[PDB]
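Quick notes on the structure that follows.
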Amino acid sequence: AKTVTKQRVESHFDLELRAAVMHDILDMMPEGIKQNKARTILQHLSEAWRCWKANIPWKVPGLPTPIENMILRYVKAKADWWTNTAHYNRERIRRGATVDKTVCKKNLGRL
Amino acid sequence: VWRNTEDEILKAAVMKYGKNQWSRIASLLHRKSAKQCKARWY
Amino acid sequence: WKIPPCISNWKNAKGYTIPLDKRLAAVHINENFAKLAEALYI
Amino acid sequence: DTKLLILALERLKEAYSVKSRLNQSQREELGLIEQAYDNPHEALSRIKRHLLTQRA
RNA sequence: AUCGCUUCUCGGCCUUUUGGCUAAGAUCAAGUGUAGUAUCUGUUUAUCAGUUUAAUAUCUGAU
């Protein structure tokens, strides 16, 4: 039972985000009884996120609305987290606190 | 210049890899760079 | 409640061919441009 | 025209003074610069053709 | 019309099928002129006259 430190912050955020999504609707707003395809709604979730990042308008042809609202809600969650981290690291880089060399490149790419 | 063989490779390459992996496709082709492949497609 | 499958433009984990059409699918101009441009010509 | 061209090409060379690890695309640019430094009238003919006809 | 068997056609399942994340994780590709090396591949035209040679061969000449 190892803690969540600094190298596992992102991987853990995604662990818990997609655990939450799987709890959320794909088992508590179903009635796609047979096999609720949750492993494929998670694929839509990851692709909606990449489409956010690329600034592409994402719209899937026939996809029930409750799912689409669930996905839009969770992509806004991850987007808030992502850009708040960018603001924070940019202030650290500007005033001079970190010299880590992965944060400098990650942050230039975010901004 | 562009030769029908090549752009017929490019149609299939885009059909397979996707519309965002231009360096892979560019590697399928001899004497083409990813910039020119992307330009020809668009 | 049927869920369409995702075909991404970035991930092709199993290397599958999808036709260009299905691969693909998954502007405004004001009216003051006319008044500006014609005022300039005059 | 040749004085203006020599100045342009010297300015463009000034980037890769180091002659570093550059890449394919800078390799290609250096190729264009050298062949225009050798044959300065096909260069200028091209240049004025561009300035006259190209808009995309 | 009913029952059964066979033949072809069609619909429905066909989730039973796209391992997670980041800074699309990051990046990029140049050439055959010279020689040689190695491997395979092919081989060790018919008399006769002479030259020659230890003997062959070679060489020359018609086939």
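Within each chain, counting starts at residue 1; across the structure tokens, chains are named A, B, ... in the order shown, with ligands numbered 1 upward in that order.
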Quiz prompt | Selection near residue 18 in chain A, 12 Å with only C-alpha atoms (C1' of nucleotides), sequence-local residues under 5 positions removed, as a PyMOL selection string | solution = (chain A and resi 11-13+23-26+38-39+41-46+70-71+74-75+77-78) or (chain E and resi 20-21)
Practice problem: Please run DSSP on the backbone and report, as a ChimeraX atom specification, all residues within chain B that come out as helix (DSSP H, G or I). | Solution: /B:4-17,22-28,34-41
Sorted by chain and rising residue number, which residues of chain C lie within 9 Å of chain E, and what are their closest atom pairs and distances in Å to one decimal, counting only C-alpha atoms (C1' of nucleotides), as a tab-separated table?
residue	atom	partner	partner_atom	distance
C:6	CA	E:18	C1'	8.4
C:7	CA	E:18	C1'	8.3
C:10	CA	E:24	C1'	7.3
C:11	CA	E:18	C1'	8.6
C:12	CA	E:18	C1'	6.9
C:13	CA	E:18	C1'	5.8
C:14	CA	E:18	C1'	5.8
C:15	CA	E:18	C1'	8.4
C:16	CA	E:18	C1'	8.3
Take the selection from the previous step and output its residues with N, CA, C and O atoms, as an mmCIF file, in the first residue's frame.
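Once everything was written out, this is part28.cif:
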data_model
loop_
_atom_site.group_PDB
_atom_site.id
_atom_site.type_symbol
_atom_site.label_atom_id
_atom_site.label_comp_id
_atom_site.auth_asym_id
_atom_site.auth_seq_id
_atom_site.Cartn_x
_atom_site.Cartn_y
_atom_site.Cartn_z
ATOM 1 N N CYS C 6 -15.611 3.587 -31.297
ATOM 2 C CA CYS C 6 -14.711 4.695 -31.575
ATOM 3 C C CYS C 6 -13.691 4.276 -32.612
ATOM 4 O O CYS C 6 -13.076 3.214 -32.501
ATOM 5 N N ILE C 7 -13.501 5.125 -33.603
ATOM 6 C CA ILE C 7 -12.364 5.041 -34.480
ATOM 7 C C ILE C 7 -11.577 6.331 -34.283
ATOM 8 O O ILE C 7 -12.033 7.413 -34.660
ATOM 9 N N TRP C 10 -5.665 8.961 -33.699
ATOM 10 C CA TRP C 10 -4.363 8.830 -33.067
ATOM 11 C C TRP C 10 -3.996 7.386 -32.761
ATOM 12 O O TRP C 10 -2.850 6.993 -32.973
ATOM 13 N N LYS C 11 -4.931 6.575 -32.288
ATOM 14 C CA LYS C 11 -4.652 5.214 -31.861
ATOM 15 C C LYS C 11 -5.253 4.233 -32.853
ATOM 16 O O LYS C 11 -6.426 4.348 -33.212
ATOM 17 N N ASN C 12 -4.445 3.278 -33.303
ATOM 18 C CA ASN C 12 -4.893 2.201 -34.177
ATOM 19 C C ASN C 12 -4.327 0.883 -33.658
ATOM 20 O O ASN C 12 -3.717 0.103 -34.385
ATOM 21 N N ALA C 13 -4.506 0.656 -32.355
ATOM 22 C CA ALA C 13 -3.819 -0.383 -31.596
ATOM 23 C C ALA C 13 -3.650 -1.703 -32.331
ATOM 24 O O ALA C 13 -2.586 -2.322 -32.257
ATOM 25 N N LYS C 14 -4.671 -2.147 -33.054
ATOM 26 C CA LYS C 14 -4.618 -3.438 -33.717
ATOM 27 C C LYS C 14 -4.333 -3.339 -35.208
ATOM 28 O O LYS C 14 -4.305 -4.372 -35.884
ATOM 29 N N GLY C 15 -4.121 -2.143 -35.740
ATOM 30 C CA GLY C 15 -3.822 -2.004 -37.149
ATOM 31 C C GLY C 15 -4.943 -2.480 -38.042
ATOM 32 O O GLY C 15 -4.835 -3.535 -38.665
ATOM 33 N N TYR C 16 -6.034 -1.726 -38.093
ATOM 34 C CA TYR C 16 -7.223 -2.088 -38.845
ATOM 35 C C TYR C 16 -7.450 -1.059 -39.938
ATOM 36 O O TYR C 16 -7.236 0.135 -39.719
#
Practice problem: Pull out every residue of chain D that has at least one atom within 12 Å of chain B, counting only C-alpha atoms, and report them as a PyMOL selection string. | Solution: chain D and resi 24-25+28
Select all residues from chain A having any atom no more than 7 Å from an atom of chain C (counting only C-alpha atoms, ignoring ligands), output as a short mmCIF file (atom, residue, chain, number, x, y, z; two decimals) with N, CA, C and O atoms, in the first residue's frame.
data_model
loop_
_atom_site.label_atom_id
_atom_site.label_comp_id
_atom_site.auth_asym_id
_atom_site.auth_seq_id
_atom_site.Cartn_x
_atom_site.Cartn_y
_atom_site.Cartn_z
N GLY A 32 -28.63 -0.39 -21.04
CA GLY A 32 -28.05 -1.16 -22.12
C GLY A 32 -27.70 -2.53 -21.56
O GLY A 32 -26.52 -2.87 -21.40
N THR A 40 -15.93 0.45 -24.01
CA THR A 40 -15.96 1.28 -25.20
C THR A 40 -16.35 2.73 -24.91
O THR A 40 -15.88 3.65 -25.59
N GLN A 43 -13.31 4.36 -24.15
CA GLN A 43 -12.54 4.75 -25.32
C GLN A 43 -13.00 6.09 -25.82
O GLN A 43 -12.19 6.93 -26.24
N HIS A 44 -14.30 6.29 -25.82
CA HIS A 44 -14.85 7.60 -26.13
C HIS A 44 -14.34 8.66 -25.18
O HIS A 44 -14.08 9.79 -25.58
N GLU A 47 -10.82 9.59 -26.17
CA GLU A 47 -10.76 10.33 -27.42
C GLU A 47 -11.36 11.71 -27.29
O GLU A 47 -10.88 12.63 -27.94
N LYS A 59 -18.12 15.37 -32.01
CA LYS A 59 -19.53 15.02 -31.97
C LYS A 59 -19.75 13.66 -32.61
O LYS A 59 -19.55 13.52 -33.82
N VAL A 60 -20.22 12.70 -31.83
CA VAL A 60 -20.35 11.31 -32.26
C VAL A 60 -21.78 11.08 -32.75
O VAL A 60 -22.73 11.50 -32.09
N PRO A 61 -21.97 10.42 -33.89
CA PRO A 61 -23.28 10.45 -34.55
C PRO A 61 -24.45 10.03 -33.70
O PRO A 61 -25.30 10.86 -33.38
N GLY A 62 -24.51 8.76 -33.31
CA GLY A 62 -25.65 8.37 -32.51
C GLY A 62 -25.25 7.83 -31.16
O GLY A 62 -25.09 6.63 -31.00
N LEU A 63 -25.20 8.68 -30.17
CA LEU A 63 -24.66 8.29 -28.89
C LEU A 63 -25.60 8.85 -27.84
O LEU A 63 -25.83 10.06 -27.82
N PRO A 64 -26.18 8.01 -27.00
CA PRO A 64 -27.25 8.46 -26.11
C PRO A 64 -26.87 9.71 -25.35
O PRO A 64 -25.70 9.90 -25.05
#
